[PDB]
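This report refers to the structure that appears directly beneath it.
Below, each value reflects all heavy atoms present in this structure, side chains not excepted, and no hydrogens, waters or symmetry copies. Numbers restart at 1 for each chain; the letters A, B, ... are given by sequence-line order, proteins then strands.
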Amino acid sequence: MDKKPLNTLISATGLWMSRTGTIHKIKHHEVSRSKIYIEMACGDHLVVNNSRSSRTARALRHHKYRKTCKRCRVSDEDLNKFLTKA
RNA sequence: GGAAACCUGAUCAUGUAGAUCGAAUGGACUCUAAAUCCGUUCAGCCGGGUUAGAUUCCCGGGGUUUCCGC
Ligand SMILES: [Zn+2]
């Protein structure tokens with residue numbers, strides 16, 4: 001499993017995973033320089049580094065999650081898309 | 001010029017989903033206050049190796065500190 005920058009990982013899945021292991025659905029994301037600006041379906045906005053070595057990058061290279069965000073309304077199809085990356 | 005240690009909100013830790021703090025935000029409560037609490041969110045400086053799996057081990061870059069040297 002090659003270690004790519006975070007924007008590649010969310011570009012492939014369309015999903016975000018928070019520090020609590022919660023999956024959110026990405027509504028918008030945009031890169032600027034080394035930052036990513038992200039807007040979830042549930043309304044949360046966040047600004048992170050576009051690192052290939054971050055904690056959330058490690059989570060997105062793996063296939064586990066603790067819970068899905070209710071307000072994001074993640075479909076079983078998208079969740080399954082995340083679980084079967086390989 | 002050379003050696004060692006460490007790494008970007010803070011302190012610490014770390015091969016099988018790191019932690020605590022702090023901050024942003026929503027709510028509860030409240031008197032549409034303060035205080036308090038709860039939910040949500042925020043991480044590995046960069047570029048590679050190795051690995052089933054790495055912020056974590058190895059190499060390199062950059063930076064900081066300490067130490068050695070014309
Ligand atoms: Zn959400």
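A distance of about 25 Å separates the P atoms of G49(B) and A43(B), rounded to the whole Å. Going from the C1' atom of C68(B) to that of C46(B) covers 28 Å, rounded to whole Å.
Of all nucleotides present, none satisfies the Watson-Crick or G-U wobble test against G53(B) with each distance under 3.5 Å. Taking a pair to require two hydrogen-bonding distances under 3.5 Å in either a Watson-Crick or a G-U wobble arrangement, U64(B) pairs with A5(B).
For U56(B), the sign convention on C1'-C2'-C3'-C4' gives a south pucker, since the angle is negative. Judged by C1'-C2'-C3'-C4', the furanose ring of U8(B) adopts a south pucker. At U16(B) the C1'-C2'-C3'-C4' dihedral is negative, so the sugar adopts a south, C2'-endo-type conformation. From the dihedral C1'-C2'-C3'-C4', which is negative here, one reads the pucker of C31(B) as south, toward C2'-endo. The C1'-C2'-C3'-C4' torsion of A17(B) is negative, which assigns its sugar to the south, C2'-endo side.
When the P atom of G48(B) is taken as reference, atom CG of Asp2(A) falls 9 Å away, rounded to whole Å. Residue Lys4(A) contributes atom NZ, which lies 14 Å from atom P of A54(B) at whole-angstrom precision. Taking atom NE2 on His62(A) and atom P on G44(B), their separation rounds to 16 Å, with Å as the unit. Rounding to whole angstrom units, CG of residue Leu6(A) and P of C42(B) are separated by 11 Å. When rounded to the nearest whole Å, the span between CD1 of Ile36(A) and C1' of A43(B) equals 13 Å. If you measure from atom CE of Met40(A) to atom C1' of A24(B), you get 14 Å, rounded to the nearest angstrom. For the pair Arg33(A) CZ and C46(B) P, the interatomic distance rounds to 17 Å; values are reported in whole Å. Atom NZ of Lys3(A) is separated from atom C1' of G49(B) by 10 Å (rounded to the nearest Å).
Residue-level contact check: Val48(A) touches the backbone only, with heavy atoms under 4.0 Å from sugar-phosphate atoms and none from bases. Contacts of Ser54(A) with the nucleic acid, taken as non-hydrogen atoms under 4.0 Å apart, include base atoms. The residue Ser18(A) sits close only to the backbone: its heavy atoms come under 4.0 Å of sugar-phosphate atoms, none of a base. Among the protein residues, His24(A) comes within range of the sugar-phosphate backbone only, with heavy atoms under 4.0 Å from sugar or phosphate atoms but none that close to a base.
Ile36(A) places a side-chain heavy atom less than 4.5 Å from the side chain of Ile10(A). Between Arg19(A) and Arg55(A) there is a side-chain heavy-atom pair separated by less than 4.5 Å.
Between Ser51(A) and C45(B) there is no side-chain N or O to OP1 or OP2 distance below 4.0 Å. Between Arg61(A) and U55(B) there is a side-chain polar atom (N or O) within less than 4.0 angstrom of OP1 or OP2.
Taken together, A19(B) and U11(B) qualify as a Watson-Crick or G-U wobble pair under the 3.5 Å criterion applied to both distances. Using the rule of two distances under 3.5 Å, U20(B) and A10(B) count as a Watson-Crick or G-U wobble pair. With both atom-pair distances required to fall under 3.5 Å, no Watson-Crick or G-U wobble pair links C67(B) to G22(B). Nucleotides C31(B) and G47(B) fail the base-pair criterion, which asks for a Watson-Crick or G-U wobble arrangement whose two donor-acceptor distances both fall under 3.5 Å. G60(B) and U32(B) are not base-paired: they meet neither the Watson-Crick nor the G-U wobble geometry with both distances under 3.5 Å. A Watson-Crick or G-U wobble pair links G39(B) with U25(B), each of its two atom distances being under 3.5 Å.
Between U11(B) and its strand neighbour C12(B) the base rings stack, satisfying centres under 5.5 Å and planes under 30°. For the consecutive pair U36(B)/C37(B), the pyrimidine-type rings sit with centres less than 5.5 Å apart and planes less than 30° apart, qualifying as a stack. Both conditions, centre separation below 5.5 angstrom and plane angle below 30 degrees, do not jointly hold for the six-membered rings of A54(B) and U55(B). The six-membered rings of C29(B) and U30(B) are stacked: centre distance under 5.5 angstrom, interplanar angle under 30 degrees.
With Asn50(A) contributing its side chain and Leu6(A) its backbone, the two residues share a donor-acceptor pair below 3.5 Å. At least one donor-acceptor pair under 3.5 Å links the side chain of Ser11(A) to the backbone N or O of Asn7(A). Under the 3.5 Å distance criterion, the side-chain polar atoms of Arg66(A) are left unmatched by any main-chain donor or acceptor of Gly21(A). Between the side chain of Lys70(A) and the main chain of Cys42(A), no donor-acceptor pair closer than 3.5 Å is present. Side-chain atoms of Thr8(A) never come within 3.5 Å of backbone atoms of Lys4(A) as a donor-acceptor pair (strictly under, hydrogens ignored).
Between the side chains of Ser51(A) and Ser53(A), no donor-acceptor pair is found at a separation under 3.5 Å. Side-chain atoms of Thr56(A) and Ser54(A) form no donor-acceptor pair, as typed in the model, at a separation below 3.5 Å.
The side-chain tip of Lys85(A) points at the ring of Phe82(A) from less than 6.0 angstrom away and within 45° of straight on.
RNA chain B lies under 4.0 Å from no heavy atom of any residue of residues 79-86 of chain A.
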Candidate pair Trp16(A) and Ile23(A), rule side chain to side chain contact (heavy atoms under 4.5 Å, CB included), full reasoning: CA-CA 6 Å; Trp16(A) 181 262; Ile23(A) 289 175; over 6 Å; no
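At a cut-off of 3.5 angstrom, counting only N and O atoms as typed in the model, there is no donor on one side facing an acceptor on the other between the side-chain of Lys67(A) and the base of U40(B).
In the hydrophobic cluster analysis, where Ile, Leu, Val, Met, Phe, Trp and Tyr join through side-chain heavy atoms closer than 4.5 angstrom, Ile26(A) is grouped apart from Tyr37(A).
Among the nucleotides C46(B), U41(B), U55(B), the one closest to the side chain of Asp44(A) is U41(B).
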Mark up nucleotides 16-21 of chain B, 5' to 3', with B wherever a protein heavy atom is under 4.0 angstrom from a base atom, S wherever such an atom reaches only the sugar-phosphate, and - elsewhere. -BSS--
